[PDB]
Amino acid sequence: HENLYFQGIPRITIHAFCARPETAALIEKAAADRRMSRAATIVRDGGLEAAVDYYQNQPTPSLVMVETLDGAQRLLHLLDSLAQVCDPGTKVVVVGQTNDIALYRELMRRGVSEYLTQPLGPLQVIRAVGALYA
């Protein structure tokens, strides 16, 4: 992914449910980039667990970004619960700290759009979002 996205990201709604302060700060930095000004990005706390609870009653936005502190097994179980309340058209991006192919393969098989491994830079987040609509 070399694209600089001069045309910016399209008009979408992004809900990011972070579990780590470094991830929340990174997504807020990416959301403040001029290329992201048509995206309405809301950063929320409580990670993937809060995301599953949030969407029991609210519809999902264009893009849901999630993170968990609890490990691969808990992440996959919670993604099954999230999939039950995901609307058509919603994309899911996972932010994790583990560089593991077995996890990555499983997420891709489940239909997760992208898996981002921290440490990341804001341009990497912009390119990940941009690539989903290219």
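Numbering starts at 1 and runs along the sequence shown.
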Original post:
Of the two stretches 32 to 40 and 68 to 76, which shows the higher Cα B-factor on average in the entry?
Top reply: 68 to 76
Original post:
If you average the Cα B factors in the entry, which is higher, 96 to 104 or 59 to 67?
Top reply: 96 to 104
**OP:** Would you check the entry's CA temperature factor for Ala50 and let me know if it's in the chain's lowest, middle or highest third?
**Re:** middle
**OP:** Sorting the chain's modelled residues by C-alpha B-factor, tell me whether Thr117 ends up in the lowest, middle or highest third.
**Re:** middle
Original post:
With respect to C-alpha B-factor, does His15 fall in the lowest, middle or highest third of the chain as deposited?
Top reply: lowest
